[PDB]
(Lines of atoms letter the chains of each structure in order from A and count residues from 1; the text may use other names and numbers.)
(Lines give C-alpha, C1' and ligand atoms only; values in the text may rest on other atoms or scores of the structure.)
Protein backbone atom coordinates (compact mmCIF):
# COMPACT_ATOMS: atom_id res chain seq x y z
CA UNK A 1 0.00 0.00 0.00
CA UNK A 2 0.92 3.64 -0.59
CA UNK A 3 0.88 6.34 2.07
CA UNK A 4 -1.44 9.28 2.36
CA UNK A 5 0.14 12.12 0.40
CA UNK A 6 1.47 9.89 -2.40
CA UNK A 7 1.30 11.99 -5.58
CA UNK A 8 -0.20 10.36 -8.67
CA UNK A 9 0.07 12.07 -12.06
CA UNK A 10 -2.86 11.75 -14.49
CA UNK A 11 -1.32 11.98 -17.99
CA UNK A 12 -4.67 12.59 -19.74
CA UNK A 13 -5.62 15.67 -17.72
CA UNK A 14 -2.14 16.66 -16.56
CA UNK A 15 -3.45 16.87 -12.97
CA UNK A 16 -1.49 15.49 -10.01
CA UNK A 17 -3.64 13.95 -7.26
CA UNK A 18 -3.02 12.85 -3.70
CA UNK A 19 -3.91 9.17 -3.49
CA UNK A 20 -6.15 9.58 -0.44
CA UNK A 21 -8.31 12.05 -2.37
CA UNK A 22 -8.52 9.64 -5.33
CA UNK A 23 -9.70 6.82 -3.06
CA UNK A 24 -11.96 8.85 -0.75
CA UNK A 25 -13.65 10.45 -3.77
CA UNK A 26 -13.58 7.39 -6.06
CA UNK A 27 -12.13 9.68 -8.70
CA UNK A 28 -12.05 8.15 -12.17
CA UNK A 29 -8.51 9.29 -12.96
CA UNK A 30 -5.98 7.90 -15.38
CA UNK A 31 -2.44 7.09 -14.31
CA UNK A 32 0.83 6.45 -16.09
CA UNK A 33 1.25 2.67 -16.18
CA UNK A 34 4.21 0.60 -17.37
CA UNK A 35 4.08 -2.32 -19.77
CA UNK A 36 6.63 -5.13 -19.47
CA UNK A 37 8.70 -3.76 -22.39
CA UNK A 38 9.37 -0.48 -20.56
CA UNK A 39 6.84 1.59 -22.48
CA UNK A 40 4.55 3.90 -20.52
CA UNK A 41 0.82 4.36 -21.21
CA UNK A 42 -2.26 6.04 -19.82
CA UNK A 43 -4.60 3.62 -18.04
CA UNK A 44 -7.72 4.16 -15.91
CA UNK A 45 -8.11 3.41 -12.24
CA UNK A 46 -10.87 0.83 -11.86
CA UNK A 47 -10.82 0.11 -8.12
CA UNK A 48 -10.08 2.20 -5.04
CA UNK A 49 -8.79 0.63 -1.81
CA UNK A 50 -8.54 2.10 1.66
CA UNK A 51 -6.00 -0.20 3.31
CA UNK A 52 -6.13 1.38 6.77
CA UNK A 53 -3.32 2.59 8.99
CA UNK A 54 0.04 0.87 8.51
CA UNK A 55 3.75 1.38 8.82
CA UNK A 56 5.28 2.88 5.71
CA UNK A 57 8.98 3.18 4.91
CA UNK A 58 10.48 5.90 2.78
CA UNK A 59 12.57 5.59 -0.38
CA UNK A 60 14.31 8.86 -1.19
CA UNK A 61 15.09 8.88 -4.92
CA UNK A 62 17.56 10.89 -6.97
CA UNK A 63 15.72 14.09 -7.83
CA UNK A 64 14.39 14.51 -4.29
CA UNK A 65 11.10 12.64 -4.30
CA UNK A 66 10.33 10.30 -1.42
CA UNK A 67 8.06 7.32 -2.03
CA UNK A 68 6.26 6.28 1.18
CA UNK A 69 5.01 2.71 0.92
CA UNK A 70 4.45 -0.38 3.04
CA UNK A 71 7.51 -2.67 3.17
CA UNK A 72 5.62 -5.31 1.18
CA UNK A 73 4.61 -2.99 -1.68
CA UNK A 74 6.10 -4.07 -5.00
CA UNK A 75 8.38 -1.56 -6.76
CA UNK A 76 9.78 -2.00 -10.26
CA UNK A 77 13.58 -2.05 -10.10
CA UNK A 78 16.65 -2.69 -12.21
CA UNK A 79 16.29 -6.30 -10.90
CA UNK A 80 12.58 -6.73 -11.57
CA UNK A 81 9.77 -6.42 -9.06
CA UNK A 82 11.00 -6.10 -5.47
CA UNK A 83 9.32 -5.46 -2.14
CA UNK A 84 10.00 -1.90 -1.01
CA UNK A 85 11.30 -3.18 2.32
CA UNK A 86 14.03 -5.21 0.60
CA UNK A 87 15.45 -2.20 -1.27
CA UNK A 88 18.62 -0.49 -0.08
CA UNK A 89 20.57 2.68 -0.78
CA UNK A 90 22.12 2.33 -4.24
CA UNK A 91 19.40 0.14 -5.73
CA UNK A 92 17.85 1.61 -8.86
CA UNK A 93 14.07 1.94 -9.30
CA UNK A 94 12.11 2.48 -12.50
CA UNK A 95 10.84 6.07 -12.84
CA UNK A 96 8.97 8.24 -15.28
CA UNK A 97 11.27 11.00 -16.46
CA UNK A 98 9.33 14.12 -15.51
CA UNK A 99 10.59 16.11 -18.51
CA UNK A 100 10.38 13.42 -21.22
CA UNK A 101 7.63 11.09 -19.95
CA UNK A 102 9.73 8.02 -20.78
CA UNK A 103 10.91 5.28 -18.45
CA UNK A 104 14.38 5.43 -16.92
CA UNK A 105 16.03 4.35 -13.68
CA UNK A 106 17.00 6.37 -10.60
CA UNK A 107 19.15 5.49 -7.60
CA UNK A 108 17.74 5.27 -4.08
CA UNK A 109 19.64 7.90 -2.10
CA UNK A 110 18.25 6.91 1.29
CA UNK A 111 15.95 4.44 3.05
CA UNK A 112 13.91 6.04 5.81
CA UNK A 113 12.49 4.28 8.90
CA UNK A 114 8.82 3.56 9.38
CA UNK A 115 6.15 6.07 10.23
CA UNK A 116 2.44 5.40 10.68
CA UNK A 117 0.10 6.57 7.93
CA UNK A 118 -3.23 5.95 6.29
CA UNK A 119 -2.50 3.74 3.29
CA UNK A 120 -4.16 3.07 -0.05
CA UNK A 121 -4.06 0.98 -3.20
CA UNK A 122 -5.45 1.46 -6.69
CA UNK A 123 -6.25 -1.16 -9.30
CA UNK A 124 -5.11 0.02 -12.73
CA UNK A 125 -6.75 -1.54 -15.79
CA UNK A 126 -4.80 -4.09 -17.88
CA UNK A 127 -1.27 -3.10 -16.85
CA UNK A 128 -1.64 -3.17 -13.03
CA UNK A 129 1.06 -0.55 -12.43
CA UNK A 130 1.16 3.16 -11.76
CA UNK A 131 3.64 6.00 -11.35
CA UNK A 132 3.64 7.26 -7.74
CA UNK A 133 6.02 10.09 -6.77
CA UNK A 134 7.65 9.41 -10.14
CA UNK A 135 8.31 5.72 -9.32
CA UNK A 136 6.79 2.72 -11.11
CA UNK A 137 4.93 0.66 -8.50
CA UNK A 138 2.42 -2.15 -8.30
CA UNK A 139 -1.29 -1.29 -8.77
CA UNK A 140 -2.87 -4.70 -8.91
CA UNK A 141 -6.10 -6.56 -8.29
CA UNK A 142 -6.87 -7.78 -4.74
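Residue numbers count along the first chain shown, from 1.
For the two regions 46-54 and 101-109, the entry's Cα B-factors average higher over 46-54. Legend: mean Cα B-factor per stretch from the PDB entry, 57-65 versus 110-118; the higher mean is in 110-118. Comparing the C-alpha B-factors of 2, 136, 139, 8 in the entry, the top value falls on 139.
Residue-level temperature factors show residue 31 in the lowest third of its chain, judged at the C-alpha atom.
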